[PDB]
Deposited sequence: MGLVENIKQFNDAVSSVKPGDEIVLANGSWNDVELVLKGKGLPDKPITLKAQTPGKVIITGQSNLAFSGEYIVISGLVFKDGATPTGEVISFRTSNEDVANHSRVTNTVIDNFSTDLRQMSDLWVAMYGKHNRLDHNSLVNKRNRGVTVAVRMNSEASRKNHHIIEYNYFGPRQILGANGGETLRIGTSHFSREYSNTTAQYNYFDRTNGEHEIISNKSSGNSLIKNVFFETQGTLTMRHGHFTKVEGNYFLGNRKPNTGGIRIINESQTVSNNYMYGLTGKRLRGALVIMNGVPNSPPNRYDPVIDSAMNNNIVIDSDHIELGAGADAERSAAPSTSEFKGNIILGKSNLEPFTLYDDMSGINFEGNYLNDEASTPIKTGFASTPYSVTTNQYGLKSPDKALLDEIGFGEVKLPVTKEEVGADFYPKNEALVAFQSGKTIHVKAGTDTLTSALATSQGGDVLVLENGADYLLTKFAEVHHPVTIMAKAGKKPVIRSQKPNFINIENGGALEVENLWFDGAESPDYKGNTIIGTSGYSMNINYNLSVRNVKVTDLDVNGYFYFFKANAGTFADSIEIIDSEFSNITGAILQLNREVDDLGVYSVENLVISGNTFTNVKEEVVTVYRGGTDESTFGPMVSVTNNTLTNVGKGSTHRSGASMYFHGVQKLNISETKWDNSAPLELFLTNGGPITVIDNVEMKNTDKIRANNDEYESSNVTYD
């Protein structure tokens, strides 16, 4: 009815609207626009805001959309490469009192509508009101904190909403390094006993790894049904609220790390007829979890599990069923009047898949099946059955037909596929370029030849330097995309710089270095120099750093000269230091700074330090620190093997410091006249094994509790 091409025209057409009329945004870029629409349509005659050509109306910059009234439809829009100036990108309200009812947002894309600051939280879709629908939308590349889709519950007008959220595509969500990266949140703790009655169904969660809670259910009466979770880190958690129905969901973990399933807390939960495959998560992130709760819990803790059922689920090739998880002096109430019946557990990666943290007498176990090779400590309710798992018609590892029929599961088949969800006009393209997937480029010896070669390289490229040759930098060597810098086998080239940082990983960058020699003879006379650094600003794209067969010498022109220094506000999916040699360094090897707001922030997910020698380093090799009390979130995972530290950390101090690491493995490593190893084991169960280490002329391991396992610790 009304085609508009500028904000002025838009605001005129929506100043007065009647049932049936539509406002069309003409194709093109809509930059820095705050779209507001109020009106009252009709069941047969909605008020529609639509794109001229779905995929060709690009809302960008500092933009958002807020609407209120009745029977509004919003379709075909794209929000790409911007950030909302409010708290919400698409909002089903226009003020605290004016909400949308019986309205719909469909066939719409939000693509990287992320703040440049990774620590700032917003909501991408905020649902208010009653009887709203959110369907067939694509939400991709959320790089900051916050919830992608939230159902709000802060007033009566938004409770008992019966919203429907369905057929949406939730694309990859990088690990945040902090709390609050849920994909779907239904309610909040402050209104958690209130009823929402939301249905989320037929959605596809694709590597939505923001945090441990993929779906944070925080209100009563919801149905989370018939969704697909593909290699998703974290769980579907019934965090607060009762009378949740969780059925027909398929978790395709594929043996990826930290892949969890369904966590029951609180009352009258039904978790049945779900399918799980290849889930590796443990404890609060296990494939199936039933928590202990706090008697007379405050609304923000954990209600004891009562009147709940966990039945007729299929759990294949998964590792952890955790009953009573969280049990302690506070969470002292074990599950009661609940049942665990008719489940099929077929896995061989963990032959003792159950952990019981408390008395499970309050749970009636009946009719379950567990593969011959595995055992349960529960005396009743389980029958052993052979491990028979065959890929079926729809490409899914399935139990035998006779067991399926015995529990009335039906076919093992996805309730929805990747191809049936999201906007119909927007591709689902990978956004990450792999190391060495591009061209090999020669870098001749000399001054700023590496600088120039990087400036024109592309993601995936490999810069190959001349063996034994000299390289000098007088400018920053900036890495704007995944790149490899290396020499083929033979004599290491030597790299020097007159700048305070040799190489900086910029936002979007990631770096492999192999068979290089970095030396400090040309470095400037400043404190805080480093060989490799991050960008110096918040980087809302996680980076990666791989260092293999590298030699680093004479970082001593001034104090605090580090090998690698990540500034506050950056996050590394993986840092690997392999088979490398470091000598005469006044700083730390790895300086992993943090921007402390949430005390739970951490700056690296996976750290591997293996095959190295560290000699005459005044500061530590690495401090890995996560504060706060979140037992539930990830921790860094750290592996330290086959290294030698000679005169490290003596410039009282420590040579390595690990604090709030959820998984720490140290082995085959010798300290020689170094500061001691320092540990701090946080509440929960941080897994910590230290085997075959020699502490020659080194003080005793510094720890807070004896809570770790240790074997073969020699003190010379």
Where does the model have holes with respect to the deposited sequence?
652-655
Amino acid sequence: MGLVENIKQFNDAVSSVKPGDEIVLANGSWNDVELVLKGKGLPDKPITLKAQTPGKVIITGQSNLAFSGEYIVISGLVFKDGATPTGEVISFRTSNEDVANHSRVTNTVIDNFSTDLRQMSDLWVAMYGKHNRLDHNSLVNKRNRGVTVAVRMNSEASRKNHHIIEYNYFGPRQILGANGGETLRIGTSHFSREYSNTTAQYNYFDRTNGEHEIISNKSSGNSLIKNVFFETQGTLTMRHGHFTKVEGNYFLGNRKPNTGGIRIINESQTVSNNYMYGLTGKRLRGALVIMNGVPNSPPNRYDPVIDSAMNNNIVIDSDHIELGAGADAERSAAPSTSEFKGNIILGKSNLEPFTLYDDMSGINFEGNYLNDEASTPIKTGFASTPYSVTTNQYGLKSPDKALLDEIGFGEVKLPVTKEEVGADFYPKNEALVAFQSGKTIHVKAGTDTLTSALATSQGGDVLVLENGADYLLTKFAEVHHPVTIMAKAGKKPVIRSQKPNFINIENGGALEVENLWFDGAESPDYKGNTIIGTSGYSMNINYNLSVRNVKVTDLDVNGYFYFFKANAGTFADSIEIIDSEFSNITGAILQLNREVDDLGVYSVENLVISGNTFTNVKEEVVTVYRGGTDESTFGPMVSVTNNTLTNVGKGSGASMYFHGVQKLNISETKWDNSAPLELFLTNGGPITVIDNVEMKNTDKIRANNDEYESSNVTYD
From here on, numbers count along this sequence of modelled residues.
Going by the mean C-alpha B-factor recorded in the entry, which is higher: 224-232 or 379-387?
379-387
The stretch carrying the higher mean Cα B factor in the deposited entry, 684-692 or 36-44, is 684-692
Compared with the other modelled residues in the chain, in which third is the CA B-factor of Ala325?
lowest
Should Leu404 be placed in the lowest, middle or highest third of its chain by the C-alpha B factor in the entry?
highest
Of the three thirds of its chain by CA temperature factor, lowest, middle or highest, which one includes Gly129?
lowest
Going by the CA temperature factor in the PDB record, which third of the chain does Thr208 belong to: lowest, middle or highest?
lowest
Lowest, middle or highest third - CA B-factor, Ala66
lowest
